[PDB]
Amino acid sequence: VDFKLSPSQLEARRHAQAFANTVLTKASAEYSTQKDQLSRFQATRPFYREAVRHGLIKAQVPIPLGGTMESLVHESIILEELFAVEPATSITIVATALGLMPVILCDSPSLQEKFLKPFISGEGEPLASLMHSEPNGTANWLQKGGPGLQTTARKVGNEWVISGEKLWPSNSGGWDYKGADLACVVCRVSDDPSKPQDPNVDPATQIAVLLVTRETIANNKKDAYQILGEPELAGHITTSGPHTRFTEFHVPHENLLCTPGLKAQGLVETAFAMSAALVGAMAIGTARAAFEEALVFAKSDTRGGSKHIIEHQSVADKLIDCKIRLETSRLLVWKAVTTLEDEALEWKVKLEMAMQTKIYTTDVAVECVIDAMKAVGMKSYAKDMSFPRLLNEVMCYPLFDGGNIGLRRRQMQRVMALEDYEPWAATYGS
């Protein structure tokens, strides 16, 4: 076992850091004063443009597919550096990565060449979105006997017809509400959308992914694709993840990502398992920003006393707890993404490790930001410090990318209950 970073991993860090410090630090003056989420997202477009120019979207796509992604550990180091400075734009890049993952993972090389083209060009501001989440919730989307996804699709001729609503998926409506450049829309196949999901058939066997582009939306009637709203978020105030309604929305058969059923559900689960692992890097960045701000403050401020506050044991204890949470978190992320890259390990081992990672890093990042605030004291509550923004941003992580309580813990639980469960297969082999 080895924890040393290669020259390309150190360069990936230096590059990410330089981009964050020279480009992302300027985003706040653009977005900070806009009234609504969409406006804030739009104000972020020149920074995404720069990220594309710096190669950061091309770096979300594997080299075999014409991108420049070197590894998932490189990706982890990049995301930690970006999120330690500014989640604006950084969040857009990862949302796009998620949006691309089903195509990156699928088994059609002609689909990959066609739909990944804009994202490896190094030009423009192309957005992708994995459109899974819904107004009524998704924690129970695979539950045999329940209503399932309320976004359904039916084959009519040589096309599919989507009806229903999505809520929350990042970048889904694009910069201007005429659509992401690529959206992977996750649907439940229902030949008749009025009738409930058949409780005698496993929900996983009825999943289909349909690829929707700006062209697709332009080819439909205006009322077939409507953005009904844009949630105002506590933190990550510059992301877009709207309420979208498809009404009789036609999509050509060639845009069907794969065979409906277990293969499609598989692509989705895989994409979301990879995000589960990497989301820990974002939480680390946010929490690391809080720790470092509190640390510098505790090593330079006496708070009207005779020594720097880090010399009070209760202050150092908080800082120690923060530092520990960050160190364990990062190791767990690097373990997770490395596990995901291991061809030897069966999927359930990868999936359990990804779930653990998401659950731990996100929950623990919140504690880290709060302890940092408690250590700095009253000054952390004013907006001339970063903590108000970090507090709001950090609370997103346990909730999003599949919340810990409803999705990730239950995905991990299902794995642990299986008869052939091997708790240590990722470490000690099978």
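For every residue, the number given is its place in the sequence shown, counted from 1.
> For the C-alpha atoms alone, is the average B factor greater in 363-371 or in 54-62, going by the entry?
Per the deposited B-factors, the answer is 54-62.
> Mean Cα B factor from the PDB record: higher for 248-256, or higher for 131-139?
Stretch with the higher mean C-alpha B-factor: 248-256.
> Report the option among 77, 326, 279, 218 whose CA atom has the maximum B-factor in the deposited record.
Max CA B-factor in the entry, restricted to 77, 326, 279, 218: 218.
> For the listed 287, 162, 273, 309, which has the peak Cα B-factor recorded in the PDB entry?
That would be 162, according to the entry.
> State the tercile, meaning the lowest, middle or highest third, of residue 235 with respect to the CA B-factors recorded for its chain.
According to the entry, residue 235 has a C-alpha B-factor in the chain's lowest third.
> Would you check the entry's CA temperature factor for residue 49 and let me know if it's in the chain's lowest, middle or highest third?
Its C-alpha B-factor belongs to the middle third of this chain's values.
> Lowest, middle or highest third of the chain for the C-alpha temperature factor of residue 348?
Answer is middle: the recorded C-alpha B-factor places it there.
> Ranked by Cα temperature factor within the chain, is residue 358 in the lowest third, the middle third or the highest third?
Its C-alpha B-factor, which the entry lists for residue 358, ranks in the lowest third among residues of this chain.
> Rank-wise, by C-alpha B-factor, drop residue 115 into the lowest, middle or highest third of its chain.
Answer is highest: the recorded C-alpha B-factor places it there.
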